[PDB]
$ cat target.cif   # mmCIF, C-alpha atoms
data_input
#
loop_
_atom_site.label_atom_id
_atom_site.label_comp_id
_atom_site.auth_asym_id
_atom_site.auth_seq_id
_atom_site.Cartn_x
_atom_site.Cartn_y
_atom_site.Cartn_z
CA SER U 2 9.97 -36.97 -2.08
CA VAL U 3 6.88 -36.82 0.14
CA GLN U 4 4.47 -33.88 -0.19
CA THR U 5 3.82 -31.54 2.74
CA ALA U 6 1.48 -28.69 3.66
CA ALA U 7 1.27 -26.79 6.94
CA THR U 8 -0.92 -24.32 8.83
CA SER U 9 -0.53 -22.44 12.10
CA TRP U 10 -2.68 -20.28 14.35
CA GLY U 11 -2.46 -18.42 17.64
CA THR U 12 0.51 -16.83 19.36
CA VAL U 13 1.42 -20.09 21.12
CA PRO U 14 1.35 -21.14 18.21
CA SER U 15 -0.37 -24.36 17.18
CA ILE U 16 1.04 -25.80 13.94
CA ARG U 17 -0.48 -28.55 11.79
CA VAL U 18 1.75 -30.25 9.20
CA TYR U 19 0.06 -32.67 6.79
CA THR U 20 2.44 -35.10 5.08
CA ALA U 21 1.22 -37.17 2.11
CA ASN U 22 3.37 -40.29 1.66
CA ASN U 23 2.23 -43.08 -0.68
CA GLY U 24 -1.46 -42.20 -0.85
CA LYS U 25 -1.96 -41.68 2.90
CA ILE U 26 -1.95 -38.14 4.28
CA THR U 27 -0.82 -38.01 7.91
CA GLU U 28 -0.96 -35.21 10.46
CA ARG U 29 1.73 -34.05 12.90
CA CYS U 30 0.57 -31.55 15.50
CA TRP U 31 2.29 -28.97 17.70
CA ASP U 32 0.23 -27.32 20.46
CA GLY U 33 3.41 -25.70 21.73
CA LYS U 34 3.75 -28.91 23.77
CA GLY U 35 5.64 -31.37 21.60
CA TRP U 36 5.15 -32.93 18.18
CA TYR U 37 2.50 -35.67 18.22
CA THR U 38 0.59 -37.50 15.51
CA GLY U 39 -2.92 -36.23 14.83
CA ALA U 40 -6.28 -37.86 14.21
CA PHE U 41 -6.21 -36.95 10.49
CA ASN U 42 -5.78 -39.84 8.06
CA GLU U 43 -7.34 -39.90 4.58
CA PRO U 44 -6.43 -41.20 1.11
CA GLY U 45 -4.44 -38.77 -0.99
CA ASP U 46 -1.45 -38.04 -3.23
CA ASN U 47 -1.67 -34.26 -2.80
CA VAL U 48 -2.80 -32.07 0.10
CA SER U 49 -3.10 -28.32 0.62
CA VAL U 50 -4.34 -26.69 3.81
CA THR U 51 -5.79 -23.47 5.18
CA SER U 52 -7.37 -22.44 8.46
CA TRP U 53 -9.05 -19.52 10.23
CA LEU U 54 -10.40 -18.91 13.73
CA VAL U 55 -14.02 -18.38 14.75
CA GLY U 56 -14.28 -17.51 18.42
CA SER U 57 -11.88 -19.34 20.72
CA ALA U 58 -11.72 -22.42 18.45
CA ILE U 59 -10.03 -23.45 15.21
CA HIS U 60 -11.42 -24.36 11.80
CA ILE U 61 -9.11 -26.31 9.48
CA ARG U 62 -9.73 -27.20 5.84
CA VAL U 63 -7.56 -29.90 4.26
CA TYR U 64 -7.85 -30.66 0.52
CA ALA U 65 -6.78 -34.19 -0.38
CA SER U 66 -6.31 -35.06 -4.06
CA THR U 67 -6.08 -38.35 -5.98
CA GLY U 68 -5.86 -38.30 -9.77
CA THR U 69 -8.46 -35.62 -10.53
CA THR U 70 -10.53 -36.19 -7.36
CA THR U 71 -10.26 -33.55 -4.62
CA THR U 72 -12.13 -34.33 -1.40
CA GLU U 73 -12.28 -31.70 1.35
CA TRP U 74 -11.87 -32.64 5.02
CA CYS U 75 -13.16 -30.26 7.71
CA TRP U 76 -12.26 -29.68 11.36
CA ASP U 77 -14.88 -27.36 12.88
CA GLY U 78 -13.70 -28.48 16.31
CA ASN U 79 -15.78 -31.66 15.99
CA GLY U 80 -13.88 -34.48 14.27
CA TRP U 81 -12.76 -34.72 10.64
CA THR U 82 -15.92 -34.34 8.55
CA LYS U 83 -16.33 -34.63 4.79
CA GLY U 84 -16.83 -31.29 3.06
CA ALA U 85 -18.98 -29.89 0.26
CA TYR U 86 -16.12 -29.13 -2.15
CA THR U 87 -16.42 -30.39 -5.72
CA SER U 88 -14.16 -29.67 -8.69
CA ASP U 94 -3.97 -33.29 -9.25
CA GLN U 95 -2.30 -30.33 -7.53
CA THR U 96 -4.07 -27.77 -5.33
CA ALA U 97 -3.45 -24.77 -3.08
CA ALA U 98 -5.92 -23.17 -0.67
CA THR U 99 -6.25 -19.97 1.34
CA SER U 100 -8.90 -18.27 3.48
CA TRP U 101 -9.76 -14.85 4.90
CA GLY U 102 -12.45 -13.18 6.95
CA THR U 103 -14.41 -15.33 9.38
CA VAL U 104 -17.35 -16.37 7.18
CA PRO U 105 -14.83 -17.48 5.77
CA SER U 106 -13.95 -16.99 2.10
CA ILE U 107 -11.91 -19.87 0.70
CA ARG U 108 -10.14 -19.97 -2.65
CA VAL U 109 -8.73 -23.30 -3.85
CA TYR U 110 -6.55 -22.99 -6.97
CA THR U 111 -6.16 -26.26 -8.86
CA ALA U 112 -3.16 -26.68 -11.17
CA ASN U 113 -4.77 -29.64 -12.92
CA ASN U 114 -2.87 -30.36 -16.14
CA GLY U 115 -1.00 -27.05 -16.43
CA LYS U 116 -4.10 -24.82 -16.29
CA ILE U 117 -4.62 -23.37 -12.82
CA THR U 118 -8.33 -23.05 -12.03
CA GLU U 119 -10.14 -21.56 -9.05
CA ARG U 120 -13.04 -22.62 -6.83
CA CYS U 121 -14.49 -20.00 -4.46
CA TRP U 122 -16.54 -20.17 -1.26
CA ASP U 123 -18.34 -17.00 -0.12
CA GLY U 124 -20.16 -18.99 2.58
CA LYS U 125 -23.09 -19.72 0.24
CA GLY U 126 -21.86 -22.67 -1.78
CA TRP U 127 -18.95 -23.21 -4.13
CA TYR U 128 -18.69 -21.51 -7.53
CA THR U 129 -15.99 -21.45 -10.20
CA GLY U 130 -13.90 -18.29 -9.98
CA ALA U 131 -12.55 -15.97 -12.65
CA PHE U 132 -8.93 -17.15 -12.31
CA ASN U 133 -7.66 -19.16 -15.28
CA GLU U 134 -3.90 -18.98 -15.90
CA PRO U 135 -1.43 -21.59 -17.17
CA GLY U 136 0.97 -23.35 -14.88
CA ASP U 137 2.04 -26.70 -13.43
CA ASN U 138 2.62 -25.73 -9.82
CA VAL U 139 0.58 -23.21 -7.90
CA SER U 140 0.91 -21.57 -4.49
CA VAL U 141 -1.27 -18.90 -2.92
CA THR U 142 -1.21 -16.31 -0.17
CA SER U 143 -3.52 -13.46 0.78
CA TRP U 144 -4.05 -10.66 3.29
CA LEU U 145 -6.70 -8.13 4.29
CA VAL U 146 -6.32 -4.34 4.42
CA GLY U 147 -9.61 -4.01 6.32
CA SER U 148 -11.91 -4.01 3.30
CA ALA U 149 -9.90 -5.25 0.32
CA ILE U 150 -8.49 -8.76 0.05
CA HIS U 151 -5.18 -9.11 -1.79
CA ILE U 152 -4.35 -12.54 -3.23
CA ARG U 153 -0.98 -13.48 -4.72
CA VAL U 154 -1.10 -16.61 -6.90
CA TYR U 155 2.22 -18.04 -8.10
CA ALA U 156 1.97 -20.01 -11.35
CA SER U 157 5.00 -21.91 -12.66
CA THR U 158 5.06 -22.99 -16.29
CA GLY U 159 6.82 -26.26 -17.05
CA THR U 161 9.39 -19.47 -15.04
CA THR U 162 7.13 -18.46 -12.14
CA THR U 163 4.51 -15.78 -12.80
CA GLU U 164 2.95 -13.93 -9.89
CA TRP U 165 -0.71 -13.01 -10.42
CA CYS U 166 -2.20 -10.23 -8.30
CA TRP U 167 -5.81 -9.67 -7.26
CA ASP U 168 -6.25 -6.33 -5.47
CA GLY U 169 -10.02 -6.41 -5.13
CA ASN U 170 -10.42 -5.57 -8.83
CA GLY U 171 -9.19 -7.78 -11.68
CA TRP U 172 -6.13 -10.01 -11.92
CA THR U 173 -2.90 -8.31 -13.00
CA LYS U 174 0.58 -9.72 -13.59
CA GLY U 175 2.93 -9.30 -10.63
CA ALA U 176 6.53 -8.15 -10.32
CA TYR U 177 7.98 -11.42 -8.97
CA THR U 178 11.34 -12.45 -10.46
CA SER U 179 13.27 -15.62 -9.65
CA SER U 180 15.56 -18.24 -11.18
CA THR U 181 13.76 -21.58 -11.52
CA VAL U 182 14.12 -24.93 -13.29
CA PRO U 183 11.47 -26.98 -15.18
CA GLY U 184 8.57 -28.22 -13.08
CA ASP U 185 9.69 -26.17 -10.06
CA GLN U 186 7.64 -26.44 -6.87
CA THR U 187 6.65 -23.28 -4.98
CA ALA U 188 5.35 -22.19 -1.57
CA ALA U 189 4.40 -18.81 -0.14
CA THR U 190 3.41 -17.09 3.11
CA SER U 191 2.70 -13.51 4.12
CA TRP U 192 2.19 -11.23 7.12
CA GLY U 193 1.70 -7.57 7.97
CA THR U 194 -0.12 -4.75 6.23
CA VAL U 195 2.66 -3.74 3.81
CA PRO U 196 2.73 -6.81 3.41
CA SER U 197 5.88 -8.90 3.66
CA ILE U 198 5.89 -11.89 1.30
CA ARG U 199 8.22 -14.91 1.39
CA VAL U 200 8.05 -17.08 -1.73
CA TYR U 201 10.02 -20.33 -1.57
CA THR U 202 10.71 -22.46 -4.65
CA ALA U 203 12.12 -25.98 -4.94
CA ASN U 204 14.55 -26.31 -7.88
CA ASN U 205 16.25 -29.73 -8.08
CA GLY U 206 16.90 -30.33 -4.40
CA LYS U 207 17.78 -26.73 -3.43
CA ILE U 208 15.02 -24.54 -2.01
CA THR U 209 15.61 -20.78 -2.27
CA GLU U 210 13.79 -17.73 -0.91
CA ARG U 211 12.66 -14.54 -2.64
CA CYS U 212 11.58 -11.68 -0.39
CA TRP U 213 9.36 -8.61 -0.72
CA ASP U 214 9.07 -6.18 2.20
CA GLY U 215 6.94 -3.86 0.05
CA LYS U 216 9.72 -2.18 -1.94
CA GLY U 217 11.51 -4.42 -4.42
CA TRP U 218 11.96 -8.16 -4.55
CA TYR U 219 15.27 -9.61 -3.38
CA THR U 220 16.70 -13.05 -2.67
CA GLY U 221 16.42 -14.13 0.95
CA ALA U 222 18.92 -15.66 3.34
CA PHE U 223 17.29 -19.11 3.36
CA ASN U 224 19.12 -21.91 1.53
CA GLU U 225 18.54 -25.60 2.29
CA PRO U 226 18.08 -28.97 0.53
CA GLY U 227 14.66 -30.22 -0.49
CA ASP U 228 12.40 -31.38 -3.33
CA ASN U 229 9.27 -29.98 -1.67
CA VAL U 230 8.55 -26.93 0.48
CA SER U 231 5.63 -25.94 2.66
CA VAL U 232 5.66 -22.80 4.81
CA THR U 233 3.63 -21.05 7.49
CA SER U 234 4.10 -18.03 9.74
CA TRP U 235 2.56 -16.20 12.68
CA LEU U 236 3.04 -12.96 14.61
CA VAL U 237 4.14 -12.57 18.22
CA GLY U 238 3.78 -8.87 18.46
CA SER U 239 5.36 -7.18 15.45
CA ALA U 240 7.79 -10.13 15.38
CA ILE U 241 7.16 -12.65 12.61
CA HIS U 242 7.93 -16.36 13.03
CA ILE U 243 8.15 -18.47 9.85
CA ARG U 244 8.27 -22.28 9.63
CA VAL U 245 9.50 -23.89 6.39
CA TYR U 246 9.24 -27.66 5.82
CA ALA U 247 11.65 -29.15 3.27
CA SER U 248 11.09 -32.67 1.95
CA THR U 249 13.42 -35.21 0.29
CA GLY U 250 12.32 -38.82 -0.08
CA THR U 251 10.50 -39.21 3.22
CA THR U 252 12.88 -36.87 5.09
CA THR U 253 11.27 -33.63 6.28
CA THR U 254 13.53 -31.23 8.19
CA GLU U 255 11.90 -28.23 9.84
CA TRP U 256 13.71 -24.90 9.55
CA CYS U 257 12.84 -21.99 11.82
CA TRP U 258 13.20 -18.23 11.50
CA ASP U 259 12.66 -16.37 14.78
CA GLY U 260 14.08 -12.99 13.79
CA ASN U 261 17.50 -14.45 14.63
CA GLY U 262 18.88 -16.43 11.70
CA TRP U 263 17.70 -19.74 10.25
CA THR U 264 17.86 -22.57 12.79
CA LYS U 265 16.81 -26.21 12.58
CA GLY U 266 13.38 -27.28 13.78
CA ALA U 267 11.84 -29.74 16.22
CA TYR U 268 9.90 -31.74 13.62
CA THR U 269 11.45 -35.14 12.92
CA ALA U 270 12.90 -35.86 9.49
CA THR U 271 10.40 -38.75 9.24
#
$ encode --input "target.cif" --output "structure tokens"
Amino acid sequence: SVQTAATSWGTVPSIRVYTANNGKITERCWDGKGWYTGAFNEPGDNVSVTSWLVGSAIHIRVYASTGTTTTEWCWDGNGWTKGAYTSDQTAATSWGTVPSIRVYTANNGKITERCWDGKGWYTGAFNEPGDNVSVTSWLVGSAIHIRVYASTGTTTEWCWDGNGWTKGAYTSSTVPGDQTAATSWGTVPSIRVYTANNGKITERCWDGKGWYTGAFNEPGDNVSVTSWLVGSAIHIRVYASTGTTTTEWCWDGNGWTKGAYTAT
């Protein structure tokens, strides 16, 4: 299967899905006005994405990986520029507006972190075993809360609450080498952790009071996910991948419906 990562922003919204097929990562945009190919094209077998907003514009970071080489590609409004990231399988997330970017790298079963406080990159304290990694985070107004999902060749949530990593209460039924995705929203928060286990992606949910299996159930060997808020209404977009097929599935508070993105 192809490998996919996605990001969204704004209440329109605008969604960016980056699909790595045979060493060439390709973009597919959605400005609320149709799916159209984007100006992003770089070499890569793996890609993870994150984005924030500064002012009325967007800033996208896209982390392409080949072997053990991870080159960052920036969109500060002005073209796709090479980044200053040095360090395969990766997962990125941001917060604030400086911003602050963590990029967890599940190179060779040991997940390692690279942090950006705005003043250069520096290796972070995170060092946990696992083949696949996903990440999500959220702000409470002062404290950042990161949830890192490590899957040994069993998925183990790791929790940073502004003070030391601690093992999380995530429970799910996985298969060897399973592939995971995650998104979050709200202050509670609400977490949706999707895992790909031999062509059948499942959902595990946490509204703040006990994990529980979600309603989502579709076919796929890879999952990416993103969400956004229209009011207190959350809209999630999950991208399942099999071969080159990539079917978009949409939650809009009203059951799981198919999505406008082509299978491709």
$ residues_around --input "target.cif" --residues "residue 268 in chain U" --least-positions-apart "3" --cutoff "9 Å" --atoms "only C-alpha atoms" --output "PyMOL selection string"
chain U and resi 29+36+246+253-256+265+271
$ resolve_selection --input "target.cif" --expression "the PyMOL selection byres ((chain U and resi 65) around 6)" --output "ChimeraX atom specification"
/U:45,47-48,64,66,71-72
$ residues_near_point --input "target.cif" --point "(9.5, -15.7, 12.8)" --cutoff "10 Å" --atoms "all atoms listed in the file" --output "JSON list (two decimals) with C-alpha atoms, in the frame of the given file"
[["chain", "number", "residue", "atom", "x", "y", "z"],
["U", 233, "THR", "CA", 3.63, -21.05, 7.49],
["U", 234, "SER", "CA", 4.10, -18.03, 9.74],
["U", 235, "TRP", "CA", 2.56, -16.20, 12.68],
["U", 236, "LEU", "CA", 3.04, -12.96, 14.61],
["U", 237, "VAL", "CA", 4.14, -12.57, 18.22],
["U", 239, "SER", "CA", 5.36, -7.18, 15.45],
["U", 240, "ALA", "CA", 7.79, -10.13, 15.38],
["U", 241, "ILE", "CA", 7.16, -12.65, 12.61],
["U", 242, "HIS", "CA", 7.93, -16.36, 13.03],
["U", 243, "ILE", "CA", 8.15, -18.47, 9.85],
["U", 244, "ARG", "CA", 8.27, -22.28, 9.63],
["U", 257, "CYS", "CA", 12.84, -21.99, 11.82],
["U", 258, "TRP", "CA", 13.20, -18.23, 11.50],
["U", 259, "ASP", "CA", 12.66, -16.37, 14.78],
["U", 260, "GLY", "CA", 14.08, -12.99, 13.79],
["U", 261, "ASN", "CA", 17.50, -14.45, 14.63],
["U", 262, "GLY", "CA", 18.88, -16.43, 11.70],
["U", 263, "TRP", "CA", 17.70, -19.74, 10.25]]
$ resolve_selection --input "target.cif" --expression "the PyMOL selection byres ((chain U and resi 151-159) around 7)" --output "NGL selection string"
:U and (135-145 or 149-150 or 161-169 or 183-185)
$ write_last_selection --input "target.cif" --atoms "C-alpha atoms" --output "mmCIF file, in the frame of the given file"
data_model
loop_
_atom_site.group_PDB
_atom_site.id
_atom_site.type_symbol
_atom_site.label_atom_id
_atom_site.label_comp_id
_atom_site.auth_asym_id
_atom_site.auth_seq_id
_atom_site.Cartn_x
_atom_site.Cartn_y
_atom_site.Cartn_z
ATOM 1 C CA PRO U 135 -1.430 -21.590 -17.170
ATOM 2 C CA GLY U 136 0.970 -23.350 -14.880
ATOM 3 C CA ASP U 137 2.040 -26.700 -13.430
ATOM 4 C CA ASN U 138 2.620 -25.730 -9.820
ATOM 5 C CA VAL U 139 0.580 -23.210 -7.900
ATOM 6 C CA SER U 140 0.910 -21.570 -4.490
ATOM 7 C CA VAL U 141 -1.270 -18.900 -2.920
ATOM 8 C CA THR U 142 -1.210 -16.310 -0.170
ATOM 9 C CA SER U 143 -3.520 -13.460 0.780
ATOM 10 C CA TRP U 144 -4.050 -10.660 3.290
ATOM 11 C CA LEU U 145 -6.700 -8.130 4.290
ATOM 12 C CA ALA U 149 -9.900 -5.250 0.320
ATOM 13 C CA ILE U 150 -8.490 -8.760 0.050
ATOM 14 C CA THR U 161 9.390 -19.470 -15.040
ATOM 15 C CA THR U 162 7.130 -18.460 -12.140
ATOM 16 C CA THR U 163 4.510 -15.780 -12.800
ATOM 17 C CA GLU U 164 2.950 -13.930 -9.890
ATOM 18 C CA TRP U 165 -0.710 -13.010 -10.420
ATOM 19 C CA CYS U 166 -2.200 -10.230 -8.300
ATOM 20 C CA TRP U 167 -5.810 -9.670 -7.260
ATOM 21 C CA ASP U 168 -6.250 -6.330 -5.470
ATOM 22 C CA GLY U 169 -10.020 -6.410 -5.130
ATOM 23 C CA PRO U 183 11.470 -26.980 -15.180
ATOM 24 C CA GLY U 184 8.570 -28.220 -13.080
ATOM 25 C CA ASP U 185 9.690 -26.170 -10.060
#
$ resolve_selection --input "target.cif" --expression "the PyMOL selection byres ((chain U and resi 228) around 10)" --output "PyMOL selection string"
chain U and resi 2-4+185-186+202-208+226-227+229-230+247-250+253
$ atom_distance --input "target.cif" --atom1 "CA of residue 95 in chain U" --atom2 "CA of residue 225 in chain U"
23.5 Å
$ axis_aligned_box --input "target.cif" --around "range 102-111 of chain U" --padding-each-side "8 Å" --output "AutoDock Vina command-line options"
--center_x -11.8 --center_y -19.7 --center_z 0.3 --size_x 27.2 --size_y 29.1 --size_z 34.2
$ atom_distance --input "target.cif" --atom1 "CA of residue 63 in chain U" --atom2 "CA of residue 125 in chain U"
19.0 Å
$ atom_distance --input "target.cif" --atom1 "CA of residue 69 in chain U" --atom2 "CA of residue 94 in chain U"
5.2 Å
$ closest_residue --input "target.cif" --among "U:130, U:196, U:175, U:39" --to "residue 81 in chain U" --atoms "all atoms listed in the file"
U:39
$ closest_residue --input "target.cif" --among "U:104, U:146, U:54, U:85" --to "residue 127 in chain U" --atoms "only C-alpha atoms"
U:85
$ decode --input "target.cif" --residues "range 45-79 of chain U" --atoms "C-alpha atoms" --output "short mmCIF file (atom, residue, chain, number, x, y, z; two decimals), in the first residue's frame"
data_model
loop_
_atom_site.label_atom_id
_atom_site.label_comp_id
_atom_site.auth_asym_id
_atom_site.auth_seq_id
_atom_site.Cartn_x
_atom_site.Cartn_y
_atom_site.Cartn_z
CA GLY U 45 10.51 10.07 -0.27
CA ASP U 46 9.34 6.68 1.00
CA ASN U 47 7.77 8.09 4.19
CA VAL U 48 6.09 11.41 4.97
CA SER U 49 4.54 12.92 8.09
CA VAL U 50 2.99 16.37 8.26
CA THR U 51 2.01 19.12 10.67
CA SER U 52 0.88 22.71 10.32
CA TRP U 53 -0.04 25.81 12.32
CA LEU U 54 -1.30 29.29 11.47
CA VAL U 55 0.54 32.58 11.93
CA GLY U 56 -1.70 35.51 11.09
CA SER U 57 -4.04 35.01 8.13
CA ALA U 58 -1.66 32.55 6.41
CA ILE U 59 -0.64 28.91 6.74
CA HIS U 60 2.67 27.28 7.64
CA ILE U 61 3.08 23.62 6.65
CA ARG U 62 5.94 21.30 7.58
CA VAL U 63 6.32 18.05 5.62
CA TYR U 64 8.95 15.48 6.67
CA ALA U 65 10.07 13.24 3.80
CA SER U 66 12.17 10.16 4.62
CA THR U 67 14.37 7.85 2.54
CA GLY U 68 16.35 5.10 4.26
CA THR U 69 17.61 7.01 7.30
CA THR U 70 17.53 10.46 5.63
CA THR U 71 14.75 12.84 6.72
CA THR U 72 14.58 16.13 4.81
CA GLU U 73 12.10 18.79 5.92
CA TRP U 74 10.08 20.81 3.40
CA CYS U 75 8.56 24.14 4.46
CA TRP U 76 5.60 26.20 3.23
CA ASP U 77 5.73 29.61 4.93
CA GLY U 78 3.36 30.89 2.25
CA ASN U 79 6.29 31.27 -0.16
#
